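There is one chain below, alone, in structure tokens, taken in the form deposited in one PDB entry.
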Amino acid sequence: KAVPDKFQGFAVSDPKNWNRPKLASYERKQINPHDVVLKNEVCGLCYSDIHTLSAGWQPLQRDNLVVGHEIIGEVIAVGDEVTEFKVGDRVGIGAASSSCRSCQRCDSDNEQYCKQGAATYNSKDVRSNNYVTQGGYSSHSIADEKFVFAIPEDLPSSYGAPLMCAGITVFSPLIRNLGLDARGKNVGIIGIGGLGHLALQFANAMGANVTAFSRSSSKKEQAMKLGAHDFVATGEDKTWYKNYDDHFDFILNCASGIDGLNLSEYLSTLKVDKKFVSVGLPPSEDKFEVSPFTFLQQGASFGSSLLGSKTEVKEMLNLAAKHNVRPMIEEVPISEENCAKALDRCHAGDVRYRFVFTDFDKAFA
């Protein structure tokens, strides 16, 4: 009665039908002693959802897979061991949903890097009898309390939602590599989508000197408004990197692909011993290419970063409220039709800058 045995969600079984999710009922994950159960209110559309649904990284790990991992909802139940939340709290869930609670990472604000971590969707939870996790395009969500985040009362759910993944995912590497105060440091942000448009704002808020990089200049005016001090359209200014020798303290890639992205040219603009970090994750088949030479010129490193920690989520929300960092969203009532539309438009790149699904009651009640 409090929690139904089955949840409802918009689901896909075949990657050929990645853009045609359909209403499905499915057995819920067990509620473990540290678990929190939400009645979902909103969910953002992350390009990770599309990569997952299209099997561009790996095959779908279950039938009727429900994606979505920028979730805001209300607590309707908690396990007996939950200490951090109570029924009626409005909270958020991002891209990871549980960890082992018994490793050093779990106890030192690296729980998103737990070796036995379970993603919010498409992932086997070994703590829940190998339940393959179900996401947030759904009436309800379950996550371990370490992966459920308090939402400030003044942040409306729709704007709060993309911060649960896009936000924390770009905030984590910026604070880790630049410090909270990034004054004097130059930061490049590649790929001005969901993640990138938030990275511009967060980097600007930290005091950094921000260069926005995009394949074209169509997003220039908005990027400038979002906190970029500098804009480069790499498809138009083909030799841009020649003016940026020894310039960047850090480069953060937020692009969904490898299409217009010459990694060597980016590395050539880093200062000595600085990092290029890709939070962007193209399909598994697609890679960047780059010679030992250009690594050698700079002592530059290439790497990636995954999500962020709960400590970091709290810091990020504080900073966001402080400097008015908010995602630019387009709200869409959840439905088979609207999810199809929104997935297709997101794939087409037609969005400024994040779709957020809303009005869950009309769908699931």
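Quick note: we count residues from 1 along the sequence shown, nothing fancier. Heads up, when I say rigid core I mean the largest set of C-alphas that superpose within 1.5 Å between the two forms.
What follows is about the form deposited in another entry, which we do not show.
Trainee: Fit the core first: which of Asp259, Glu81, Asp181, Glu221 then shifts its CA by 2 Å or more between this form and the one not shown?
Mentor: Single hit from the list, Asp259.
Trainee: Please check if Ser291 moves between this form and the one not shown, taking a CA shift of 2 Å or more relative to the superposed core as movement.
Mentor: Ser291 C-alpha, core-superposed: shift of 2 Å or more.
Trainee: Indicate whether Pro282 shows a C-alpha shift of 2 Å or more between this form and the one not shown, with the rigid core used for the fit.
Mentor: Yes, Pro282 moves 2 Å or more.
Trainee: Since the CA distance of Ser256 and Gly188 differs by 3 Å or more in that other deposited form, is it closer or farther than in the form displayed?
Mentor: It is closer: in that other deposited form, the C-alpha atoms of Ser256 and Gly188 lie at least 3 Å nearer than they do here.
Trainee: Comparing against this form, do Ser256 and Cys46 have their CA atoms pulled together or pushed apart in that other deposited form? The difference is 3 Å or more.
Mentor: Farther apart in that other deposited form, by 3 Å or more.
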